[PDB]
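Number of protein chains: 4
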Amino acid sequence: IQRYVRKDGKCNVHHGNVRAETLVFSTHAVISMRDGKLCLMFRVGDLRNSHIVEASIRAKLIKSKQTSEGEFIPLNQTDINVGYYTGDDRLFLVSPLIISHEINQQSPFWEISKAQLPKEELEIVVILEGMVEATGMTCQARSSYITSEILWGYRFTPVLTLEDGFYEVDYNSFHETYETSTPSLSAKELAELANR
Amino acid sequence: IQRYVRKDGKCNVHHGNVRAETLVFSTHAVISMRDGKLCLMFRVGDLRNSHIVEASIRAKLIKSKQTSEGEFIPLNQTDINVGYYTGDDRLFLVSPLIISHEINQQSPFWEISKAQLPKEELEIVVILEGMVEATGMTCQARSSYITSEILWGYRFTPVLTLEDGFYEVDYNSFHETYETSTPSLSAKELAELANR
Amino acid sequence: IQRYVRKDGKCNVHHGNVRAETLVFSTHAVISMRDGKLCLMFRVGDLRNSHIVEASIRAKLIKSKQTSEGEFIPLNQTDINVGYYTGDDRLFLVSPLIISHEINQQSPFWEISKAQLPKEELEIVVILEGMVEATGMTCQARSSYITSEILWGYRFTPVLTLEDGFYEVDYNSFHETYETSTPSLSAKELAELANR
Amino acid sequence: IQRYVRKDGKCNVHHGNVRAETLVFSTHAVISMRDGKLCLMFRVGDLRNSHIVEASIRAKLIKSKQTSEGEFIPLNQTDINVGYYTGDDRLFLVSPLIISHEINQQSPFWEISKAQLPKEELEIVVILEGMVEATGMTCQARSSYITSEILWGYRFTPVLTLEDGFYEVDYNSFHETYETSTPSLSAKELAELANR
Ligand SMILES: [Ba+2]
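Same order as they appear, the protein sequences are chains L, G, V and U.
As numbered in the UniProt record's numbering, residues 55 to 73, 202 to 378 make up the first sequence, in order.
As numbered in the UniProt record's numbering, residues 55 to 73, 202 to 378 make up the second sequence, in order.
As numbered in the UniProt record's numbering, residues 55 to 73, 202 to 378 make up the third sequence, in order.
As numbered in the UniProt record's numbering, residues 55 to 73, 202 to 378 make up the fourth sequence, in order.
So this is what it looks like as structure tokens:
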């Protein structure tokens, strides 16, 4: 077994790195099953020449809404769960990671099917926050996924390969995704159906 | 659909901004229903020429009290829930936001009606904390709402409009509020009544 | 009603302050009832000439212990709950505050009576952490309470008084405490007794 | 009773310290019972000549996996619970500490027995994060434990001794461990067995 991180803390990625260049999120996001739960996932990249300490990820849902009392909220924000409750939003970014938001009863996508999706008017803001080790300072990097940019029933291509006691990232594959069998029911719908 | 945040992370607000000037909270706060829950809301502004990273909001209730054992606490503090449990207190401040505190059993306003309000001796301290991107440093901004400054049964006027592929903020409307039909019972009272 | 914090964020404490000097905890800590719950409380002071942003408080229990399997832990640490779950450990330090730890089933003092106390071999480490506004940097301040320094059945004297539209702190009273009727049973004991 | 931390905040460790040198984790990690729960523990050292403020610890499990739907995740990460929920991951590092992760239903080691262990292909990444008081800046220190480096049924040797009103650390013992009677069943197995 070849290690990912060595005893002294130095990682075994990007052979001959030196741990501005900017961080990248995948251009699209995907939705598909993982151990029987429907998930939304987007890929967040790393920085080729330094770690990001106290790194964390969050997401906001931007969607205008009307409260049952007629109050209309343009571009309302609501937090999307991507690990906050278990500290899985506290990232160890040393290679591109697939962030996953399980679509459960408390997710805003709970009632959105595949057909329902391209009709909805919404945007997901993805915000990475950490301290650039080398730089000393607090960075923030943002990106955005609009409806048309969320691909139902796809999955992210892997980019990680072990080569000669070092792990290397084929950054070409970063944004690439492939298709997989995926039900077109809504999370909610899937849940009711399984519940009988 | 015109985006709020572009793929590269640059927002589409305040056409031709350059992302000291000071942040502003609304002068008053309002109380009114949102999807059948009574809420207290105050508006928190943004900074016209920079983001605030790791931005977060909290509120303290200042009200002198007497413990059942006679211990009198002058200006006692207790935390007001404004998203802490779900990370909705972690703000993405790129335009004035309405912060909302749902008045539930664990809120201090649970037993305060409309008539009861102007009688109570209390103050809400609102504290924004984040890192000014441009400046590098940790800022804090504070404000305060006393009883007379909490308007029962009102709502905040919207200030957000889409113009020419950019969203613009009519800062005149920032502090302005309007009236809406709102029961004058206390949260607690409303709850009991609905519970039968 | 005279405000504690003004609309522009400036507080109304310490008339003519300018918002190194060091922060002070009370020399002793006290234990006594608050709304029918037994509490341990110590007082944490403020800094006369600046705020402390992102201020937070925590406490550690240092007590050597033996695991049921004979493993002996010298000076074992375990966290004492002082608001962590509700964000009441996130302080708004603009005048000396009484920090309170409710002694419940999950507290380490759950089974410690008044008589039992002076026999136990333990220490409470109190750690304040925040960013000194003026200084720019992250401070930490520590103190410690050993058994003999925890006064059962006392309460903290108030130090806060309103004078001429400003609130002033009689720093003489800071460490002073007085006595109050307080049962000498353990929290656990009190609980069982009330439970019948 | 000789104190660990003095009233003024100065600790009573490392007689004549001055509160780069690098922090050290133990070379191995151990698994063994503590009050009837099976735990995984590794030791994290302190820094001989300065405190680490806002110090915190986290751990990641790196293990490649296949989702029930065939999606294969190379070097998947998942957070290991080491105090996050109760703030026991917020460390008071003034002498080497044994960090403990209780192996419960939500731990990834729930179904891993002693025999099962050396077969599994996994790695634990341990990440300390804090602010070096003297330095002003945010540090991160990392280490790693692979299967062969996790010793089933051992415990950490104590290194802490009281000498002349000061506590001293025999840094020789730091990495040393000894054996203890320890069941070779999996946590899960132990649980089922006790549940009847
Ligand atoms: Ba920080």
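The beta carbon of each residue, even a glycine, is placed where N, CA and C say it ideally should be.
Counting the other CB atoms within 10 Å of its CB gives V/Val72 a total below 16, which places it among the exposed residues. G/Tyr336 sits away from G/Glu302, with the two beta carbons spaced by 7 Å or more. The three-state reading of DSSP puts V/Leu299 in helix, counting H, G and I together.
For the segment 235-269 of chain U, the set of residues with a beta-carbon nearer than 9 Å to any beta-carbon of chain V comprises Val235, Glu236, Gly265, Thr268 and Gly269, in chain order. Ranked by how close their Cα comes to the Cα of V/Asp270, the residues G/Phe356, G/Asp352, G/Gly218 and G/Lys242 have G/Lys242 in first place.
Only exposed fits U/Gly218, as fewer than 16 other CB atoms lie within 10 angstroms of its CB. Distances from the CA of G/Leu205 to each of V/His233, V/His69, V/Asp62 and V/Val206 were compared; the closest alpha carbon is that of V/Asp62. Not flagged as an interface residue toward chain G: L/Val226, since no C-beta distance is shorter than 7 Å. G/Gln56 places its beta carbon 7 Å or farther from that of G/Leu375. In this structure, the alpha-carbon of G/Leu220 lies about 37 Å from that of L/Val212. DSSP places G/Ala237 in the strand class (E or B) of the three-state scheme.
Proximity of L/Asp217 to chain U, defined by a Cβ-Cβ separation below 7 Å, is satisfied. When Cβ pairs closer than 8 Å are counted between the two stretches, the segment 223-238 of chain V is seen not to touch the segment 291-298 of chain V, the count staying below three.
Along the segment 296-309 of chain V, the positions whose C-beta sits under 8 Å from a C-beta of chain U are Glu303, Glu305, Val307 and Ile309, read in chain order. Contiguous alpha helix (DSSP H) elements confined to the segment 214-298 of chain G do not occur, taking only those with 4 or more residues.
L/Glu315 reaches chain U at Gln322, counting residues in chain order whose Cβ is nearer than 8 Å. Residues of the same chain with a CB within less than 7 Å of the CB of V/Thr339, apart from the 5 flanking positions on each side, are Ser355, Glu358, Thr359 and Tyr360 in chain order.
Judged by DSSP in its simplified three-state form, U/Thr320 adopts strand. In the three-state reduction of the DSSP assignment, G/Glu350 falls in the strand class.
If the five residues before and after L/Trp292 are omitted, its C-beta is found closer than 8 Å to the C-beta atoms of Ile285, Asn286, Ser368, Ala369 and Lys370, all from its own chain and listed in chain order. Per DSSP, G/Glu203 lies in no beta strand (DSSP E) and is assigned neither H nor E. U/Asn263 is classed as buried because its beta carbon has at least 16 other beta carbons within 10 Å across all chains shown. Taking a C-beta distance under 7 Å as the contact criterion, V/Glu315 and V/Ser232 qualify as a contact pair. Inter-residue distance for V/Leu275 and G/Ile309 is about 12 Å (C-alpha atoms, whole angstroms). Beta-bridge partners assigned by DSSP to L/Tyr336: L/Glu361. Using a Cβ distance threshold of 7 Å, V/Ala237 and V/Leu273 count as a contacting pair. Spatial neighbours of L/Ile328 in its own chain (CB-CB distance under 7 Å, excluding positions within 5 residues in sequence) are listed in chain order as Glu305.
Judged by DSSP secondary structure, U/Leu344 falls within the beta strand (DSSP E) whose first and last residues are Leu342 to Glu345.
Taking 7 Å as the cut-off, the beta carbon of U/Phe224 is found closer than this to the beta carbon of U/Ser208. Residue contact with chain V for G/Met223: absent (no Cβ-Cβ distance below 7 Å to any residue of chain V).
L/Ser330 sits in a helix when the DSSP states are folded into three classes. Residues of the segment 350-373 of chain V with a Cβ closer than 9 Å to any Cβ of chain G, in chain order: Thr362, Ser363 and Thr364.
With respect to U/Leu257, U/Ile239 sits apart: the two C-beta atoms are not nearer than 7 Å.
About 21 Å separates the CB atoms of G/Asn66 and G/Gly312; that is not less than 8 Å, and the two are not in contact. Rounded to whole angstroms, V/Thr268 and G/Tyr266 show a C-alpha spacing of 8 Å.
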